[PDB]
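Below, each chain spelled out in residue letters.
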Amino acid sequence: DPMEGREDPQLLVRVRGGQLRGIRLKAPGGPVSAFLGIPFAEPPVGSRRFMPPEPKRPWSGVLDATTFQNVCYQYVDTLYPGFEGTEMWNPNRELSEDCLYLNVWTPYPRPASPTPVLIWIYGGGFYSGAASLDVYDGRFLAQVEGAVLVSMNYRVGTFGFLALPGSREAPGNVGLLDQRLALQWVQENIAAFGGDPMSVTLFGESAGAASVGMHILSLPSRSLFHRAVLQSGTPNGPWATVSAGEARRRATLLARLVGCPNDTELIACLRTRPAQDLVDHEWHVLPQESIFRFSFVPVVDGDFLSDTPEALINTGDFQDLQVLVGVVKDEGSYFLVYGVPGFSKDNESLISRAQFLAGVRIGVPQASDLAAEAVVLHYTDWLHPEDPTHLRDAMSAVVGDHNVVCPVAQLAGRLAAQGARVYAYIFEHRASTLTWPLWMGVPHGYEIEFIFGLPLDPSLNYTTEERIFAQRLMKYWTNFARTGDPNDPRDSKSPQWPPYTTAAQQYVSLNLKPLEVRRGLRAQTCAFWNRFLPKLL
Amino acid sequence: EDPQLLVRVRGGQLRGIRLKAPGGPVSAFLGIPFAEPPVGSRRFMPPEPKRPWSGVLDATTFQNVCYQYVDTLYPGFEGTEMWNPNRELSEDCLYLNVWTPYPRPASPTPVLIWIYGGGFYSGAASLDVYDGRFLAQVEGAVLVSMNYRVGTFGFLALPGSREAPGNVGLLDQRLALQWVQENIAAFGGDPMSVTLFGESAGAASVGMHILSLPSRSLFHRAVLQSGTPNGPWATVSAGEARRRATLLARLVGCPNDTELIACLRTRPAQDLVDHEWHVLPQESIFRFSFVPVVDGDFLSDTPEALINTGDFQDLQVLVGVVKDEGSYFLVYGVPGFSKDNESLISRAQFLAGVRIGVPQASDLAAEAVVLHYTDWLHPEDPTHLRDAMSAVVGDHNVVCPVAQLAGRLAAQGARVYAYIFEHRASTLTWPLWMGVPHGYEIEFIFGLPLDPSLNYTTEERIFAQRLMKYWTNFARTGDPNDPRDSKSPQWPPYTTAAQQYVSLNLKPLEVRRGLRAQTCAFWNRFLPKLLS
Ligand SMILES: Clc1ccc(OCCCCCn2ccnc2)c(Cl)c1
Ligand SMILES: Clc1ccc(OCCCCCn2ccnc2)c(Cl)c1
Ligand SMILES: Clc1ccc(OCCCCCn2ccnc2)c(Cl)c1
């Protein structure tokens, strides 16, 4: 690198694979260091499609690490052309199978002594997502809390989770293996950045939180981190996993659909189809009333997942663990405009009672006739069982409770009974800049920008109370990552966030108001979903 | 001899007795025969009208209580003994009483007829809490109440047989109703304004008069207090009534229908009463052996079917409940409950208790009742489980049947008013944890707090006068509100749209909406689909 002597000396770093040169980024309160697009794996292309990730082979020279790399090949949403509501979640770099890269944000210059590491695993229903989206920007947590923050790309869709269980050519869960490979990479290499590999906190949202949860339940991953944060997502629940049988069913059907007639011959054929043909058909392998399930998700393979997540969280020893879990207020609203007839982002979506009954069949696709009517009866307001606004909102909560809030509640409760330290929250602030209609309240996903600090960017037109709020949340998260306790010990002025225990079931509300402690995490309704409803299901 | 106290009814002369109420006198006519005594071969048979009589029949005194079980759980205890017979037992008991203002009313007065409850196995028109002197004195009402046969004597049925056709206890009530039609005018009562009212089993009976056509032309308005014709306990099937009679027969030594009944007529009354209850699987402790039968005659179908398909356009109804219907039933049937301690039970107990309260229920339906009634913030708190156990029994047997009846009658034409009674009597001798228990609204309706010697609070004296006004305003008009009122809040009709009902307590009328709407949607709409 004949130009080293004239480049910035504070942006050169050596890792196990070679040298990198990062970039000095401006954050509102000062500069940060950013190292973007570090390969942590051999590009999982050609013969390596569906295969487990192979560790990146060393390079010569200084790797340019100043820009985000490719987004893992995935479906791109087009329901609403040019709409910020969906576009903010869309890929912001070129799609490519060659996408296994990660990013590191640190203070500038890099910390003198070992600094706690947050690793971000993104959501996107396992069919989408990228570590380079504006909403996952590590610069604010780095600049303001002094955090080292790592976020990796992992394979999604067929490429990440298509399995023919028991084969060697497509064992499944490779997308979770991508994540683990990045975790290992952090273990060997994060010290070279000022990162403390003995204090690593995973955090994620939705399918990401599900991924975090799965690393908790998979033993090879348990030595790669110390604390975890699950936001609006769980490894248990109706959507985050499938059986070996079901995964086998779905791969076979997708193979027929793209023209592919012995497991080896089948996978060899799939490997020849262009990436876009897989994406174009991946959705078409479900009854398209299962509009609320994705086809290629982590599989219960007896290997990565030794048994079902519900089994492992019912029988597991968790004294080790500290976990911060939680939900937004209206988890279900978002999805309604994509699956239930009568719903739109553009009108008020007041629905009929028949539309409600129909929506419950689509929301609980696994349900029998009896179970559906039980859900319908439980969520009806008998004082106004025809009121269209109460029915719109009830539809929202059926989808939200069944798929996120009650899975979280179940996980919180089980982890606490089996030794873990648990902190529970409900996030109740609607972003002032939100472009989804008012009726959706605080939708799924829209706490993420507050955890990451985006309101500190004055360019983004948040309120001044939202700046303050984001700083409180950043402190909660980084405090938890540092100590396993979101509270600031140097501060008893502020109200305390008590642990969540099976006796008092306390949890806090996150909004512009001071912390408020509540009891029972939607306790009556989730008893219905987690205890009774699994009979007629 | 007082001419106000000498009345002539269609069967002869009667002499009454001038009684003292707090605000003055009333004429009472106690112990009037309305049927031939149902003894010997008349046992189990429909009543026959009383034969006429010579001279002046002494009607100054309460007649005998219909032969019935006598409660022994807490001997001497005021709380229980107050429902116990207060005259001697006899199968010779088909008499009714009549209260009237003194002097006898100038102009035809609205008549209220009281049908007591006590589970179709007990009850007497002569109990102190059914005392008609207060409603008669203060509101000028003519108040009637009859004894009807209970237990095996009233309801043992061999469906299809001619000598034990069933429902004779209800036919006893019907006869007293015709009696009031043929005779109440001589007392200044108005045969054209007759309001039935009753409590529990009595409320059920009242409902079955609504649902039986021969009865329908004998009254104009009805009042159902904490009981229903529909529900889990008020009726049995033809087949089941037969199974039960036959097993009662074999238990006392008997033995063909005619043959079997004949042998039963030979048995001393207390033999029948002794084996009365050993006759159903004893998970059915919250269930009595001999109750109205769906005979195809008095009840042309199940009450459910009839309230689902009937036209109730010319009927006004006043229905309601108390706050803790299920309390009284706990100390008698559920392990862990007593009048003497605070009944703080374990979750194991609550689970076992639910099997009792819902004896009919599949495993899954019990599990469903358990999960619906658990408070998941404190799923093991004894105070929470105790209170829930009481709510399970009360909601399943009274509150949700009342909600269902209210809603059906409203939907199909009837003018309905609904209440929930929430004052606990200052004089109550049951423990505090039982709240406002089944039956303890009656004394306020009847105006017993007006008797100063019973030591009720002055507010209760004012409360009781209010309820007496609702009930008699309803008798007079079909509407509990005052036609030139006290300008308090109005009591709205109950409708299948606004589901409005009032609270009756010391504070002014409060309008609420949905009578345990969520919980009763569970019992009447979902839970049936679960033993099915
Ligand atoms: Cl609660 C909930 C709602 C939706 C959902 O998944 C929607 C996948 C939509 C996939 C669309 N797609 C992918 C490729 N082509 C279309 C899941 Cl896993 C869970
Ligand atoms: Cl062995 C026996 C005796 C009584 C009882 O339940 C009492 C119901 C209430 C009896 C008094 N009452 C109240 C209103 N009318 C009569 C039960 Cl489950 C069992
Ligand atoms: Cl919610 C409820 C509670 C009790 C009950 O019935 C109790 C009968 C008690 C009979 C006692 N007895 C009479 C003669 N021998 C025993 C019914 Cl039908 C309904």
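- The PDB entry lists chain B under the name Acetylcholinesterase, from Mus musculus.
- As recorded in the PDB, this entry has the title "Crystal Structure of dfp-inhibited mouse acetylcholinesterase in complex with the reactivator SP-134".
- Note on chain B: under the UniProt heading Catalytic activity, the record states "acetylcholine + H2O = choline + acetate + H(+)".

- The name given to chain A in the PDB entry is Acetylcholinesterase, with Mus musculus as the source organism.
- Word for word, the UniProt comment on chain A under Function is "Terminates signal transduction at the neuromuscular junction by rapid hydrolysis of the acetylcholine released into the synaptic cleft."
- Looking at the Sequence similarities heading of the UniProt record, one finds this comment for chain A: "Belongs to the type-B carboxylesterase/lipase family."

## Some points on the UniProt feature "active site" in chain A
Residue and element names in this part refer to chain A.
And then number 1: UniProt marks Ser206, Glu331 and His444 with the feature "active site", using the numbering shown here.
And then number 2: Here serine 206 shows up in the loop between β11 (195-205) and α5 (207-216).
And then number 3: Once residues within four sequence positions are removed from consideration, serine 206 is found in contact with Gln231, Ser232, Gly233, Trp239 and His444.
And then number 4: Its place among the elements puts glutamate 331 in the loop between β15 (322-328) and α11 (333-339).
And then number 5: Ignoring anything within four residues of it in the chain, the contact list for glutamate 331 reads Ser232, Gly400, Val404, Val405 and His444.
And then number 6: A polar side-chain atom of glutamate 331 sits 2.8 Å from a polar atom in the side chain of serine 232.

## Digging into the interface of chain A and chain B
And then number 1: Taken together, the contact between chain A and chain B spans 21 residues of the former and 21 residues of the latter.
And then number 2: Of all residues in chain A, the largest losses of buried area upon contact with chain B belong to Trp382, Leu383 and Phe532 of chain A, amounting jointly to 37% of the total for that side.
And then number 3: Inspection of the chain A/chain B interface yields zero salt bridges.
And then number 4: Scanning the region where chain A abuts chain B turns up six residue pairs in polar contact.
And then number 5: Listing elements by their share of the side of chain A that touches chain B, those giving two or more residues are α13 (369-379) and α17 (523-532) of chain A.
And then number 6: It is α17 of chain A that provides the largest number of residues to the side of chain A that touches chain B, a total of five residues.

## Notes on the UniProt feature "disulfide bond" in chain A
All names here are of chain A.
And then number 1: In this model the annotated disulfide between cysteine 72 and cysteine 99 is intact, with an S-S distance of 2.0 Å against a 2.5 Å threshold. Taken together, the residues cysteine 72 in strand β6 (residues 71-72) and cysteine 99 in the loop between β7 (95-96) and β8 (101-107) connect sequence positions 27 residues apart. Just as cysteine 72 is buried, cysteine 99 falls in that class too.
And then number 2: A sulfur gap of 2.1 Å between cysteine 260 and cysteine 269 means the disulfide that UniProt records is present in these coordinates. The pair formed by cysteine 260 and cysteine 269 is uniform in burial state, with each residue classed as buried.

## Focus: the site of ligand 2
All names here are of chain B.
And then number 1: Neighbouring ligand 2 are the residues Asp71, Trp83, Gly118, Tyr121, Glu199, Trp277, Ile285, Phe286, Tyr328, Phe329, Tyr332 and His438.
And then number 2: Notes on ligand 2: free accessible area 510 Å², of which the protein chains cover 86%.
And then number 3: Among the elements that take part in the shell around ligand 2, helix α11 (residues 327-333) stands out by supplying three residues, more than any other.
And then number 4: For the shell around ligand 2, a count of residues per class yields eight nonpolar, two polar and two charged.

## Some remarks on unusual backbone geometry
Residue and element names in this part refer to chain B.
And then number 1: Of note, the amide linkage connecting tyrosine 102 to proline 103 takes the cis form, showing an omega dihedral of 5°.
And then number 2: Mapped onto the fold, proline 103 is located in the loop between β8 (95-101) and β9 (109-115).
And then number 3: With an omega dihedral of 5°, the bond running from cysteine 254 to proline 255 counts as a cis peptide bond.
And then number 4: Mapped onto the fold, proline 255 is located in the loop between α7 (238-252) and α8 (257-265).

## A few points about the packing of aromatic side chains
Residues and elements named next belong to chain A.
And then number 1: Applying the stated criterion across every chain, the model contains 74 aromatic pairs over all chains.
And then number 2: When the ring of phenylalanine 427 is compared with that of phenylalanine 469, the centres are 5.7 Å apart and the planes differ by 35°; the resulting orientation is tilted. On the criterion of sequence distance, the pair formed by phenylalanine 427 in strand β16 (residues 421-427) and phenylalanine 469 in helix α16 (residues 464-483) is long-range, its members being 42 residues apart.
And then number 3: Exposure remark for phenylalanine 427: the relative accessible area of 0% places this residue in the buried category.
And then number 4: Here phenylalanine 469 falls in the buried class, since its relative accessible area comes to 1%.

## Structural notes on helix α4 (residues 168-183) of chain B
And then number 1: For α4 of chain B, which comprises 16 residues, the first-to-last C-alpha distance of 22 Å matches the rise-based estimate of 22 Å (1.5 Å per residue) to within 8%.
And then number 2: In terms of residue burial, α4 of chain B counts as a mostly covered element, since 13 of its 16 residues are buried.

Basis of the calculations
- Residues numbered from 1 in each chain as written, not as in the entry; some residues may be left out.
- Chains lettered and ligands numbered in written order.
- Heavy atoms only, no water.
- UniProt positions renumbered as here; feature names shortened; annotations may be inferred.
- Helix = DSSP H or I, 4+ residues; strand = E, 2+ residues; numbered from the N terminus.
- Contact = heavy atoms within 4.5 Å.
- Polar contact = N/O pair within 3.5 Å; in protein donor to acceptor, adjacent residues only side chain to side chain.
- Buried area = accessible area lost by both parts, 1.4 Å probe.
- Salt bridge = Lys/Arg side-chain N within 4 Å of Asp/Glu carboxyl O.
- Disulfide = S-S within 2.5 Å.
- Buried < 20%, exposed > 50% of the residue type's maximum accessible area, 1.4 Å probe, protein only.
- Near = heavy atom within 4 Å.
- Areas by Shrake-Rupley, 256 points an atom, 1.4 Å probe, with all protein chains shown as cover.
- Nonpolar A, V, L, I, M, F, W, Y, C, P; charged D, E, K, R; others polar.
- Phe/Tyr/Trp six-rings, centres within 6.5 Å; stacked < 30°, edge-to-face > 60°.
- Expected span 1.5 Å × (residues − 1).

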